[PDB]
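Chemist: Quick one: this structure, given as structure tokens, is what I'll be asking you about.
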Amino acid sequence: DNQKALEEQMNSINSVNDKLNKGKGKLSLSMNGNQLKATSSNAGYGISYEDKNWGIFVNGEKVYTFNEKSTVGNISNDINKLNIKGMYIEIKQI
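Okay, so the sequence shown: first residue is 1 according to PDB author numbering, each after it adds one.
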């Protein structure tokens, strides 16, 4: 197996990217391994979405817990201190 595979290139990252970055706050995602790096602003955040909660998992562990009203902008700040890693990414509700 080679690192050219979907190891660091997890399609799930791209789904999360396009899932979170829709009708929330200003948020530019960036990738490193399977980390979710990002810059965010509070130019509106989650209004459209009332309340939905799901979680993202890395290596099979968690790395993210949020409600759409909690807005990933403020959360991502803190999430980036989780010492995020990369190998087994999941996308699901909690």
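Yeah, the Cβ is synthetic: ideal placement off N, Cα and C, and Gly gets one too.
Apart from the five residues on each side of it in sequence, which residues of its chain come closer than 7 Å, Cβ to Cβ, to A38?
Modeler: Around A38: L27, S28, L29, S30 and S76.
Chemist: Beta strand (DSSP E) containing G55: first to last residue?
Modeler: That run of the beta strand (DSSP E) goes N53 to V58.
Chemist: Cutting at 7 Å between CB atoms, please list the residues of its own chain near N21, excluding the five before and the five after it.
Modeler: Same-chain partners within the cutoff: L27 and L29.
Chemist: What is the rounded straight-line gap between the Cα of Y49 and the Cα of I94?
Modeler: Cα to Cα, the separation comes out at about 17 Å.
Chemist: Is the beta carbon of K81 closer than 9 Å to that of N67?
Modeler: Contact: no.
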